[PDB]
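Single-structure report; data block below.
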Ligand SMILES: Nc1ncnc2c1ncn2[C@@H]1O[C@H](COP(=O)(O)OP(=O)(O)OP(=O)(O)O)[C@@H](O)[C@H]1O
Ligand SMILES: Nc1ncnc2c1ncn2[C@@H]1O[C@H](COP(=O)(O)OP(=O)(O)OP(=O)(O)O)[C@@H](O)[C@H]1O
Ligand SMILES: [Mg+2]
Ligand SMILES: [Mg+2]
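Encoded structure:
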């Protein structure tokens with residue numbers, strides 16, 4: 243239970259580290275989706 | 001989840017061990082101080098029997 | 002001959018026609034002359050300068066600028082009545098079964114106003130289907146609106162075919178099937194399935210109790226955008242002109258919306274989100290609001306609903322939820338487990354699931370089933386790391402029942418015999434409630450999981466467990 | 159309370175006044191902010207020269223153009239105290255995000271093709287031509303406290 | 317642009333930023349790179365078999381990496397620990413000092429003949445160097461350089 | 002580009018000139034028509050937003066004034082409008098009947114009865130598009146707007162004049178919250199008095215009919231107005247509906263009375279407005295919505311308010327409804343309405359199917375008005391309950407573990423699981439204020455800590471019947487006095503519970 | 257020609273992803289307003305039309321047939337994208353191939369769970385049906401149990417035999 | 257000027273991220289077709305012209321030079337974004 247104490251400690255920190263990198267990539271894709279959906283809407287409107 | 005693999009592998013396993021122990025009950029039933086005795090004697094026996102099909 | 006127009010422009014399915022005198026109103030049907038077959042055009046807009054925009058109900062290849070076009074002086078009119086039964090029509094009311102003309106005594110426009118607010122019926126009665134998950138968790142309503150959501154290949158068509166088998170065959174009023182932008186192969190399959198069930202008869206077309214309408218993926222967008230209307234128009238006649246109960250089956254109403262979006266751009270609309278037409282909701286509303294029970298008579302509608310990329314937030318399926326009395330949502334995650342029908346018990350609902358309508362027994366069991374499943378779902382993340390050993394005796398007692406209940410929701414479909422190699426089963430409502438009640442109460446914690454998988458009533462679970470002993 | 163006390167304090171320790179720009183004020187909260195300032199004394203409804211703050215509202219129910227320009231309005235009032243009376247002024251902007259939203263809406267309405275996450279192509283110049291007026295000159299200074307809303311909790315949002 | 321380029325190629329070498337950041341050069345993704353020539357009838361069964369084997373173990377390692385990121389290596393089966401070990405040695409043995417990169421690396425460039433590449437990689441896959449340390453395989457040419465480096469340590 | 006009013010037929014009358022031919026000032030002729038949009042030549046004097054009339058009798062709103070045409074959105078079936086149809090000014094701006102005559106009726110977007118039952122009878126009429134009360138003539142929100150749902154009335158309290166948003170994914174129960182709130186008012190409906203207005207926007211006719219059936223069966227219709235613009239109604243009607251109901255509520259607000267308006271939902275209203283903007287060819291933005299869709303909702307929700315004493319002291323409380331998709335509160339329309347409102351009640355599917363119903367996320371939901379909108383009684387316990395459940399939620403990870411826990415953490419688990427059961431509540435069962443406090447007080451003082459968690463719902467049911475049966479006087483006083491929980495009231499409560507408990511056991 | 261003259265033909269469209277791109281080019285250069293992902297509003301109908309000309313004919317009509325095997329190229333294993341989902345929603349099944357399986361040695365790289373045939377055993381001879389009826393299920397069970405065994409835990413003879421048999425079938 | 261007269265110059269572009277947004281603004285108002293992150297197809301070219309002028313000249317051209325320190329601002333360490341790449 244000492245070994246588990248320090249093992250699950252490391253897992254918690256590693257999870258927070260993965261949560262940051264995942265959030266940064268999620269927000270890239272979130273912004274890219276809005277950017278690209280808009281371009282499509284606006285490109286179609288300007289053809290009329 | 002994230003560990004979707006471990007997730008399923010675990011559920012499947014502990015479901016197998018559940019079903020397998022029901023089979024072991026059916027073994028010990030097929031084998032049946083003394084009531085108590087046999088119920089132990091053939092708990093252990095039936096468990097070995099199951100781990101041994103041919 | 003009628004008043005004449007002349008084709009000014011042709012771009013795919015969109016055709017502009019010019020009228021020197023007399024301009025046909027929006028929705029009128031125009032007949033284009035000088036073709037191998039009669040080509041129908043539906044008026045969508047009045048562009049000005051005596052020119053109208055139209056959508057074609059068939060291919061536009063062969064059209065020439067200056068070809069004469071006749072206004073019929075009304076929207077598309079299609080056959081209705083006993084003469085449609087056992088026959089196959091297309092969007093424009095023509096026979097496609099190679100059986101000759103449908104010599105009906107009346108025709109009806111496929112565009113119509115929706116029933117008035119005072120004409121709505123408030124009565125709420127169950128329609129039992131024999132399908133355990135549906136009848137238990139999100140029961141269908143007599144004369145109610147039912148939608149079957151599913152991504153590609155999760156089982157919504159197999160479910161609608163089963164419902165026809167359990168509802169329409171067992172107790173026929175009259176039935177209407179609309180094949181909408183789906184597989185022509187599926188149309189042949191359904192047709193032979195119905196011949197076998199005798200629901201369609203090729204000798205007495207009078208003894209047939211189902212009318213068939215088709216506009217499949219082989220048709221251009223105009224036709225796929227209106228076949229739905231054609232089908233519900235046939236159903237309306239039975240509702241109003243005869244009163245008796247009417248069943249309406251639609252595979253797939255998504256295709257109505259998709260068709261519309263294919264030609265929206267050429268109709269000069271600014272696109273909405275995800276490339277859909279800005280008129281999605283109103284297009285859908287003026288159609289869907291006609292599919293309803295009224296005080297005059299009942300229509301029980303069951304519609305398969307395609308879900309693009311398995312995303313229920315997609316505009317088409319997302320705007321469809323609001324038009325329903327019962328939603329049956331199918332999941333790939335569940336299908337993937339061998340659980341059929343792949344119904345999501347934590348994402349299906351019914352407006353009749355109320356203790357005042359179905360009784361507190363029905364209500365509480367359904368609610369209990371959903372609770373133990375949401376608890377398992379919340380537990381799944383934990384066991385995905387620690388395994389099961391770390392759970393308490395109670396925590397794992399819910400895991401075991403939850404998985405049993407999930408399995409007891411599966412069911413061998415009669416329509417599915419060609420897949421399972423097993424005989425279909427139909428479970429009565431009372432037997433469903435009882436069975437599921439017992440499992441949630443713990444009265445079967447000693448039976449194995451496999452005993453619950455792919456069976457009918459809870460007797461079969463006990464009997465399977467017995468046949469599993471030896 | 160922090161806003162009100164910063165007002166009070168700047169008046170004590172610098173003789174400088176304040177200006178609140180409520181960009182997209184909820185009328186309910188505008189009424190309450192007004193009475194909380196009167197209750198706290200930073201506003202006095204009798205002696206208008208004793209009052210320490212000028213309020214400028216662009217209510218949420220006003221069209222985008224007004225909500226876009228209110229910050230300038232409040233900024234201009236504050237420039238008076240820096241340039242004409244050599245004071246160190248406080249300029250509150252609640253909320254800077256709604257300033258950007260208004261701009262986005264105005265840009266949308268003028269038919270300009272939108273940029274990044276649907277913001278105006280002029281996002282940078284709209285913000286920058288305004289913020290640059292807030293500074294220390296030889297004569298005095300405008301210091302600015304700005305309530306900031308972060309869309310989707312994403313600090314990388316434009 | 318790139319997606320449409322693939323359709324015009326007989327071989328594809330896909331460089332990876334994640335690999336380069338690990339110090340492995342050339343930064344070639346061994347599981348995203350393909351050749352219309354990798355066919356047993358063209359390269360021979362030995363060459364063919366050794367490649368599929370290397371990619372097999374690398375893919376297995378890849379599928380683990382996700383589970384290792386949180387819990388670590390101690391939670392793998394005594395068998396997957398072994399594939400991890402060989403995989404990580406294989407990752408490094410795919411690395412190689414270039415002549416043209418001397419200007420930055422400071423390591424003399426190396427050219428390994430195809431016959432020497434197959435053999436070397438076969439031996440590692442078969443476990444003949446499970447006793448050699450990882451570092452011995454990183455930035456060398458043929459397997460003989462690996463052993464020599466394992467001696468320098 | 003060519004532009005409209007450059008057509009062979011139209012250019013004839015511009016050059017030829019017949020007798021008294023002009024009339025381009027008060028009359029016009031359709032140049033083009035489609036998708037609920039009519040381009041019209043002439044009408045030189047028609048005002049932006051003016052309601053004009055087609056030859057069929059159909060109404061239309063002039064939303065676009067352009068150089069050589071007017072863009073009119075059609076309140077009807079466009080099949081009845083063709084090229085060259087005559088359009089006339091009525092000078093009108095879109096006005097609706099208002100007053101108590103609307104109570105107990107079902108009406109369309111424009112005030113017209115659709116129940117087949119009641120004549121008009123309305124003494125007052127009101128423009129639907131008007132400016133909201135300004136900054137000065139308002140008073141801070143202080144009067145409770147009882148939903149009768151204990152989770153809400155205790156932890157996300159709404160006051161008269163507040164705008165609280167009801168938001169969640171599809172099947173989460175957000176309409177139900179509005180309906181139970183309307184049903185709850187009957188208990189008060196004479197200081198309290200609250201008139202209700204339910205606006206249906208894009209719903210089914212069957213849905214609203216069921217809705218009114220319930221209100222009728224519960225006898226709530228008597229004080230309720232149902233304004234309905236259903237899914238088959240043309241977009242412009244769905245666009246106006248909310249503003250028409252608003253004007254009906256403003257009648258009460260401005261005449262010393264209190265009204266509650268429900269917009270179910272603004273998601274569908276925005277969709278209709280988008281339809282009309284895109285088809286008028288106004289510039290598209292995020293999710294293809296126009297740049298003024300924020301402005302659309304801000305005008306609407308600001309009209310809800312708590313008026314001055316000097317202005318009659320009346321009020322109008324708003325419960326806008328938003329449908330999220332996959333819980334994305336950062337989508338465009340949701341973002342707009344969340345920022346406009348004074349607070350939000352967030353609903354969740356996970357909570358719902360677990361047995362937490364109403365499915366309110368106590369963690370995220372909020373009311374900026376908060377403490378100022380609740381009675382002294384509730385104030386005395388609510389804050390503590392909020393804190394104790396908050397503590398429970400952060401450690402709820404131990405509920406599915408535990409083992410080597412100590413007495414303290416074990417007590418937090420036991421109380422939390424129980425207070426959680428005490429927040430569950432069935433549909434169509436709103437509770438009077440005194441009833442809500444009595445049950446909340448019980449849990450907070452530990453009278454339930456020994457009871458089996460699964461039986462709390464049954465316990466509360468029996469308890470409520472007992473107090474309603476044997477203790478209406480007690481419940482009446484807690485209301486009338488509206489007081490805190492003093493030593494006297496404490497004594498009074500424990501005596502009811504101790505006796506009820508004994509008979510229950 | 258074959259289909260209608262009492263014969264049977266097989267067609268392969270390799271591939272439709274590129275045909276959609278060409279349609280899109282044609283259409284955009286003709287100034288037809290773009291739709292989703294810049295494709296014409298009717299890209300689905302482009303492919304649905306074409307498929308469905310593949311059919312089994314009636315005895316009365318000669319009993320001939322045309323079978324189609326269209327190909328769609330995914331990008332980064334995204335079966336869920338637009339053009340791919342369109343075509344899946346047309347066909348009577350799909351054979352899904354993943355790079356993961358391809359590289360781990362499963363070649364042809366067919367993912368058995370995610371591939372489907374909507375015709376089923378009706379497209380198999382009696383013989384094939386007699387052996388292959390349970391192979392899909394069995395392999396699915398096997399993959400589950402195989403992941404479970406990677407926990408090193410002690411396995412009874414029953415599990416070990418299933419693992420043994422699954423590895424060999426694979 | 258220095259580069260071509262046998263002298264050496266250093267240039268700092270602080271920063272090019274903002275120059276690129278300014279050009280994006282000009283391009284969008286010109287109604288040019290927006291691409292990745294809404295930047296015009298020629299955003300790469302905007303910076304290529306510029307930094308290619310920084311160079312080291314041989315003796316035959318005076319031996320002068322121009323050194324460039326372009327600055328780029330990333331978001332949460334995203335060095336794979338369009339402009340940074
Ligand atoms: N109850 C069931 N029993 C056995 N197999 C089933 C069942 N339901 C569905 N399936 C299987 O799922 C596959 C796809 O079914 P189906 O085509 O009905 O799905 P779908 O969602 O309707 O597809 P689409 O909407 O694209 O036509 C079939 O091959 C079928 O074998
Ligand atoms: N507190 C509650 N207790 C019990 N049942 C509830 C409760 N709230 C809602 N329900 C039930 O859940 C179902 C969905 O609720 P409701 O229609 O209010 O939500 P909604 O967001 O309007 O859903 P939709 O938008 O799909 O109509 C209804 O059948 C209703 O009876
Ligand atoms: Mg189908
Ligand atoms: Mg609702």
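Residue numbers (the authors' numbering), protein chains in the order written: chain G, 243 to 290; chain Z, 1 to 32, 82 to 103; chain D, 2 to 471; chain E, 159 to 316; chain F, 317 to 469; chain A, 2 to 190, 196 to 511; chain C, 257 to 426; chain B, 257 to 341.
Here a beta-carbon is modelled for each residue, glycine too, at the ideal position from N, C-alpha and C.
{"Item": "Distance CB(residue 374/C)-CB(residue 311/C) smaller than 8 Å", "Value": "no"}
{"Item": "In DSSP terms, what residue 33/A is bridged to", "Value": "40/A"}
{"Item": "For residue 125/A, the residue or residues it bridges with in DSSP", "Value": "99/A"}
{"Item": "Start-to-end residues for the alpha helix (DSSP H) that takes in residue 321/D", "Value": "316-321"}
{"Item": "Helix, strand or coil at residue 445/D according to DSSP, with G and I counted as helix", "Value": "coil"}
{"Item": "Where residue 358/A falls, given that 16 or more other Cβ within 10 Å makes a residue buried", "Value": "buried"}
{"Item": "Continuous beta strand (DSSP E) stretch holding residue 90/A: start and end", "Value": "87-93"}
{"Item": "Cβ-based contacts, 8 Å cut-off: residues of the segment 253-287 of chain G near chain C", "Value": "282, 285 and 286"}
{"Item": "Span of the alpha helix (DSSP H), counted from its first residue to its last, around residue 248/A", "Value": "241-260"}
{"Item": "DSSP beta-bridge partners of residue 267/B", "Value": "324/B"}
{"Item": "CB of residue 413/D within 8 Å of CB of residue 421/D, strictly", "Value": "yes"}
{"Item": "Residue 354/D: CB within 7 Å of a non-hydrogen atom of ligand 2", "Value": "yes"}
{"Item": "Extent of the continuous alpha helix (DSSP H) run through residue 307/D", "Value": "Not the alpha helix (DSSP H): residue 307/D falls in the beta strand (DSSP E), residues 300-307."}
{"Item": "Segments of 4+ residues assigned as alpha helix (DSSP H) that fall wholly inside the segment 325-400 of chain C", "Value": "338-344, 355-360 and 382-388"}
{"Item": "Which of helix, strand or coil DSSP assigns to residue 461/A", "Value": "helix"}
{"Item": "Contact under 8 Å by Cβ, residue 359/D with residue 437/D", "Value": "no"}
{"Item": "Distance between beta carbons of residue 355/A and residue 509/A, contact taken as under 8 Å", "Value": "Going by Cβ atoms, the distance from residue 509/A to residue 355/A rounds to 39 Å, so no, they are not a contact pair."}
{"Item": "Where residue 136/D falls, given that 16 or more other Cβ within 10 Å makes a residue buried", "Value": "buried"}
{"Item": "Residue 274/D beta carbon less than 8 Å from that of residue 294/A", "Value": "yes"}
{"Item": "Spatial neighbours of residue 108/D in its chain, beta-carbon cut-off 8 Å, leaving aside the 5 residues before and after", "Value": "78, 79, 80, 81 and 94"}
{"Item": "is_contact[residue 349/F, chain C] using C-beta, thresh 8 Å", "Value": "no"}
{"Item": "Spatial distance of residue 244/G from residue 381/F (CA atoms)", "Value": "25 Å"}
{"Item": "Selection of the segment 293-313 of chain B by Cβ proximity to chain G, strictly under 8 Å", "Value": "293 and 294"}
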